[PDB]
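> Sharing start21.pdb, PDB, C-alpha atoms:
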ATOM      1  CA  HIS A   3     123.341  85.326 145.318  1.00  0.00           C
ATOM      2  CA  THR A   4     119.551  85.863 145.179  1.00  0.00           C
ATOM      3  CA  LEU A   5     117.596  88.687 143.539  1.00  0.00           C
ATOM      4  CA  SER A   6     116.869  90.164 146.999  1.00  0.00           C
ATOM      5  CA  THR A   7     120.450  89.995 148.249  1.00  0.00           C
ATOM      6  CA  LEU A   8     121.531  91.619 144.951  1.00  0.00           C
ATOM      7  CA  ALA A   9     118.829  94.355 145.066  1.00  0.00           C
ATOM      8  CA  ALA A  10     120.172  95.159 148.554  1.00  0.00           C
ATOM      9  CA  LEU A  11     123.538  96.349 147.020  1.00  0.00           C
ATOM     10  CA  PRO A  12     124.043  99.854 145.544  1.00  0.00           C
ATOM     11  CA  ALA A  13     123.179 100.242 141.865  1.00  0.00           C
ATOM     12  CA  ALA A  14     126.875 100.805 141.011  1.00  0.00           C
ATOM     13  CA  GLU A  15     127.813  97.454 142.613  1.00  0.00           C
ATOM     14  CA  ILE A  16     124.935  95.654 140.920  1.00  0.00           C
ATOM     15  CA  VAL A  17     126.127  97.056 137.600  1.00  0.00           C
ATOM     16  CA  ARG A  18     129.793  96.370 138.289  1.00  0.00           C
ATOM     17  CA  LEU A  19     128.964  92.737 138.961  1.00  0.00           C
ATOM     18  CA  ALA A  20     126.968  92.585 135.706  1.00  0.00           C
ATOM     19  CA  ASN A  21     129.903  93.678 133.518  1.00  0.00           C
ATOM     20  CA  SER A  22     132.477  91.405 135.156  1.00  0.00           C
ATOM     21  CA  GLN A  23     130.947  88.372 133.507  1.00  0.00           C
ATOM     22  CA  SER A  24     131.849  86.076 136.328  1.00  0.00           C
ATOM     23  CA  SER A  25     127.956  85.770 136.350  1.00  0.00           C
ATOM     24  CA  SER A  26     127.685  82.083 137.253  1.00  0.00           C
ATOM     25  CA  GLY A  27     124.876  82.836 139.684  1.00  0.00           C
ATOM     26  CA  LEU A  28     123.766  86.366 138.891  1.00  0.00           C
ATOM     27  CA  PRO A  29     119.963  86.657 138.432  1.00  0.00           C
ATOM     28  CA  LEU A  30     120.422  89.289 135.719  1.00  0.00           C
ATOM     29  CA  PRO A  31     119.646  88.937 131.988  1.00  0.00           C
ATOM     30  CA  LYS A  32     122.278  89.776 129.288  1.00  0.00           C
ATOM     31  CA  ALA A  33     121.930  93.550 128.743  1.00  0.00           C
ATOM     32  CA  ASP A  34     121.181  94.792 125.181  1.00  0.00           C
ATOM     33  CA  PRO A  35     124.161  96.920 124.042  1.00  0.00           C
ATOM     34  CA  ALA A  36     122.088  99.416 121.979  1.00  0.00           C
ATOM     35  CA  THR A  37     120.107 100.052 125.179  1.00  0.00           C
ATOM     36  CA  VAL A  38     123.237 100.337 127.308  1.00  0.00           C
ATOM     37  CA  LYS A  39     124.711 102.952 124.976  1.00  0.00           C
ATOM     38  CA  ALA A  40     121.455 104.951 124.723  1.00  0.00           C
ATOM     39  CA  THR A  41     121.299 105.085 128.551  1.00  0.00           C
ATOM     40  CA  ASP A  42     124.992 106.091 128.859  1.00  0.00           C
ATOM     41  CA  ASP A  43     124.566 108.768 126.150  1.00  0.00           C
ATOM     42  CA  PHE A  44     121.500 109.984 128.023  1.00  0.00           C
ATOM     43  CA  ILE A  45     123.509 110.265 131.264  1.00  0.00           C
ATOM     44  CA  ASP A  46     126.402 111.827 129.346  1.00  0.00           C
ATOM     45  CA  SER A  47     123.844 114.409 128.196  1.00  0.00           C
ATOM     46  CA  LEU A  48     123.087 115.393 131.813  1.00  0.00           C
ATOM     47  CA  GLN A  49     126.756 116.000 132.852  1.00  0.00           C
ATOM     48  CA  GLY A  50     127.169 119.678 133.602  1.00  0.00           C
ATOM     49  CA  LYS A  51     123.593 120.369 134.598  1.00  0.00           C
ATOM     50  CA  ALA A  52     122.403 121.284 138.084  1.00  0.00           C
ATOM     51  CA  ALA A  53     122.145 118.165 140.298  1.00  0.00           C
ATOM     52  CA  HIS A  54     118.514 119.130 140.649  1.00  0.00           C
ATOM     53  CA  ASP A  55     118.041 119.338 136.954  1.00  0.00           C
ATOM     54  CA  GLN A  56     119.737 115.946 136.429  1.00  0.00           C
ATOM     55  CA  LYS A  57     117.520 114.150 138.946  1.00  0.00           C
ATOM     56  CA  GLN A  58     114.326 115.647 137.462  1.00  0.00           C
ATOM     57  CA  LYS A  59     115.182 114.511 133.933  1.00  0.00           C
ATOM     58  CA  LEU A  60     116.165 111.009 135.013  1.00  0.00           C
ATOM     59  CA  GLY A  61     113.272 110.984 137.478  1.00  0.00           C
ATOM     60  CA  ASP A  62     110.837 111.447 134.560  1.00  0.00           C
ATOM     61  CA  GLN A  63     111.850 108.116 133.044  1.00  0.00           C
ATOM     62  CA  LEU A  64     112.218 106.520 136.507  1.00  0.00           C
ATOM     63  CA  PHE A  65     108.726 107.487 137.831  1.00  0.00           C
ATOM     64  CA  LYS A  66     107.114 106.180 134.649  1.00  0.00           C
ATOM     65  CA  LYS A  67     108.945 102.910 135.131  1.00  0.00           C
ATOM     66  CA  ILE A  68     107.889 102.516 138.798  1.00  0.00           C
ATOM     67  CA  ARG A  69     104.278 103.302 137.891  1.00  0.00           C
ATOM     68  CA  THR A  70     104.350 100.370 135.436  1.00  0.00           C
ATOM     69  CA  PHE A  71     105.529  98.172 138.344  1.00  0.00           C
ATOM     70  CA  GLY A  72     102.203  98.798 140.107  1.00  0.00           C
ATOM     71  CA  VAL A  73     103.605 100.475 143.258  1.00  0.00           C
ATOM     72  CA  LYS A  74     102.005 103.432 145.054  1.00  0.00           C
ATOM     73  CA  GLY A  75     104.187 106.339 146.122  1.00  0.00           C
ATOM     74  CA  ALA A  76     106.322 106.158 143.018  1.00  0.00           C
ATOM     75  CA  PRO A  77     107.340 109.901 143.427  1.00  0.00           C
ATOM     76  CA  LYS A  78     108.654 109.312 146.891  1.00  0.00           C
ATOM     77  CA  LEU A  79     110.370 106.096 145.820  1.00  0.00           C
ATOM     78  CA  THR A  80     111.699 107.889 142.713  1.00  0.00           C
ATOM     79  CA  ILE A  81     113.144 110.763 144.772  1.00  0.00           C
ATOM     80  CA  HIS A  82     114.617 108.397 147.379  1.00  0.00           C
ATOM     81  CA  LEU A  83     116.352 106.327 144.705  1.00  0.00           C
ATOM     82  CA  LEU A  84     117.742 109.464 142.997  1.00  0.00           C
ATOM     83  CA  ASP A  85     119.148 110.652 146.382  1.00  0.00           C
ATOM     84  CA  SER A  86     120.562 107.280 147.440  1.00  0.00           C
ATOM     85  CA  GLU A  87     122.080 105.836 144.237  1.00  0.00           C
ATOM     86  CA  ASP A  88     124.522 106.588 141.464  1.00  0.00           C
ATOM     87  CA  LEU A  89     122.468 108.222 138.677  1.00  0.00           C
ATOM     88  CA  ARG A  90     124.181 106.329 135.836  1.00  0.00           C
ATOM     89  CA  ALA A  91     123.895 102.939 137.559  1.00  0.00           C
ATOM     90  CA  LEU A  92     120.207 103.526 138.392  1.00  0.00           C
ATOM     91  CA  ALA A  93     119.398 104.322 134.727  1.00  0.00           C
ATOM     92  CA  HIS A  94     121.037 101.011 133.806  1.00  0.00           C
ATOM     93  CA  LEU A  95     118.739  99.158 136.237  1.00  0.00           C
ATOM     94  CA  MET A  96     115.770 101.159 134.827  1.00  0.00           C
ATOM     95  CA  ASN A  97     116.412 100.344 131.160  1.00  0.00           C
ATOM     96  CA  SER A  98     118.367  97.062 131.417  1.00  0.00           C
ATOM     97  CA  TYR A  99     117.730  95.288 134.775  1.00  0.00           C
ATOM     98  CA  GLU A 100     114.132  96.092 135.521  1.00  0.00           C
ATOM     99  CA  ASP A 101     113.441  93.135 137.796  1.00  0.00           C
ATOM    100  CA  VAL A 102     116.347  93.980 140.128  1.00  0.00           C
ATOM    101  CA  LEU A 103     115.023  97.495 140.163  1.00  0.00           C
ATOM    102  CA  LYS A 104     111.671  96.134 141.248  1.00  0.00           C
ATOM    103  CA  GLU A 105     113.161  94.022 143.998  1.00  0.00           C
ATOM    104  CA  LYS A 106     114.956  97.181 145.222  1.00  0.00           C
ATOM    105  CA  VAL A 107     111.644  99.143 145.189  1.00  0.00           C
ATOM    106  CA  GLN A 108     109.980  96.422 147.239  1.00  0.00           C
ATOM    107  CA  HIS A 109     112.803  96.777 149.812  1.00  0.00           C
ATOM    108  CA  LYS A 110     111.963 100.485 150.115  1.00  0.00           C
ATOM    109  CA  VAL A 111     108.180  99.935 150.242  1.00  0.00           C
ATOM    110  CA  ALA A 112     108.964  97.531 153.098  1.00  0.00           C
ATOM    111  CA  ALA A 113     110.640 100.494 154.888  1.00  0.00           C
ATOM    112  CA  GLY A 114     107.473 102.562 154.391  1.00  0.00           C
ATOM    113  CA  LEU A 115     109.480 104.993 152.249  1.00  0.00           C
ATOM    114  CA  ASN A 116     106.591 105.357 149.712  1.00  0.00           C
ATOM    115  CA  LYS A 117     104.307 106.736 152.485  1.00  0.00           C
TER     116      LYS A 117
ATOM    117  CA  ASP B 116     100.208 112.269 137.428  1.00  0.00           C
ATOM    118  CA  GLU B 117     103.173 114.636 137.329  1.00  0.00           C
ATOM    119  CA  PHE B 118     106.588 113.755 138.643  1.00  0.00           C
ATOM    120  CA  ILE B 119     108.638 116.608 140.047  1.00  0.00           C
ATOM    121  CA  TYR B 120     111.956 116.708 141.941  1.00  0.00           C
ATOM    122  CA  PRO B 121     111.531 119.302 144.776  1.00  0.00           C
TER     123      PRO B 121
END
When written as structure tokens, how does the structure in this file appear?


Amino acid sequence: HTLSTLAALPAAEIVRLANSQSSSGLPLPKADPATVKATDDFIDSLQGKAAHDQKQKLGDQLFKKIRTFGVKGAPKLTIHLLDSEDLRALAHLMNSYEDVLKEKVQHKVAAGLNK
Amino acid sequence: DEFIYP
């Protein structure tokens, strides 16, 4: 499994593979548990809000993270990710698996989805 | 730059 083949999977499958430590070939670092719990508490905090309100609040952290990556069209990429992925899994890529997230964003830039 | 969900 390469980084690009992995970034091509849904966030929930990338994260599922991370936790099932048969990781003899998974280009993912060991997640920090204080970070994993802060992200899960954050997502817990959004349960019960309007879908629209949940994507805006997560989008805030997500857009800031894509702008660090150096990619143009980070709003459009941010919206597309929020509409195409599991919110909780995406936040785990954002805070814990940033390089996979970047490989996934390059896949979308390749589809002209930032334009 | 401001991020907003439509």

> Considering all atoms listed in the file, state which residue in the set A:50, A:35, A:12, A:75 is at the smallest distance from chain B.

A:75

> What's around residue 116 (chain B) at 12 Å? Count only C-alpha atoms, leave out sequence neighbours fewer than 5 positions away in its own chain, and write the answer as a ChimeraX atom specification.

/A:62,65-66,69,74-77

> Limited to C-alpha atoms, could you put the picked residues into a file as a compact mmCIF listing (two decimals), in the frame of the given file?


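Result file part_31.txt:
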# COMPACT_ATOMS: atom_id res chain seq x y z
CA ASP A 62 110.84 111.45 134.56
CA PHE A 65 108.73 107.49 137.83
CA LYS A 66 107.11 106.18 134.65
CA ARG A 69 104.28 103.30 137.89
CA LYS A 74 102.00 103.43 145.05
CA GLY A 75 104.19 106.34 146.12
CA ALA A 76 106.32 106.16 143.02
CA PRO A 77 107.34 109.90 143.43

> Taking all atoms listed in the file into account and nothing else, which residues of chain B lie no more than 7 Å away from chain A? Please answer as a PyMOL selection string.

chain B and resi 118-120

> What separation in Å, quoted to one decimal, exists between CA of residue 22 (chain A) and CA of residue 95 (chain A)?

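The value is 15.8 Å.
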
> Residues picked by the PyMOL selection byres ((chain A and resi 110) around 12) here, as number ranges by chain?

A: 6, 9-10, 73-76, 78-83, 86, 103-109, 111-117

> As a PDB file, keeping the file's coordinate frame, could you write out chain B once it has been completed with N, CA and C atoms?


ATOM      1  N   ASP B 116      99.285 111.954 136.320  1.00  0.00           N
ATOM      2  CA  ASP B 116     100.208 112.269 137.428  1.00  0.00           C
ATOM      3  C   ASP B 116     101.613 112.706 136.956  1.00  0.00           C
ATOM      4  N   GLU B 117     101.992 113.827 137.612  1.00  0.00           N
ATOM      5  CA  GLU B 117     103.173 114.636 137.329  1.00  0.00           C
ATOM      6  C   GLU B 117     104.301 114.327 138.276  1.00  0.00           C
ATOM      7  N   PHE B 118     105.457 113.954 137.739  1.00  0.00           N
ATOM      8  CA  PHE B 118     106.588 113.755 138.643  1.00  0.00           C
ATOM      9  C   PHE B 118     107.488 114.982 138.679  1.00  0.00           C
ATOM     10  N   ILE B 119     107.757 115.468 139.882  1.00  0.00           N
ATOM     11  CA  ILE B 119     108.638 116.608 140.047  1.00  0.00           C
ATOM     12  C   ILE B 119     109.645 116.344 141.159  1.00  0.00           C
ATOM     13  N   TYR B 120     110.915 116.742 140.909  1.00  0.00           N
ATOM     14  CA  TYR B 120     111.956 116.708 141.941  1.00  0.00           C
ATOM     15  C   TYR B 120     111.920 118.032 142.704  1.00  0.00           C
ATOM     16  N   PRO B 121     111.757 118.027 144.048  1.00  0.00           N
ATOM     17  CA  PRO B 121     111.531 119.302 144.776  1.00  0.00           C
ATOM     18  C   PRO B 121     112.525 120.427 144.462  1.00  0.00           C
TER      19      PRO B 121
END
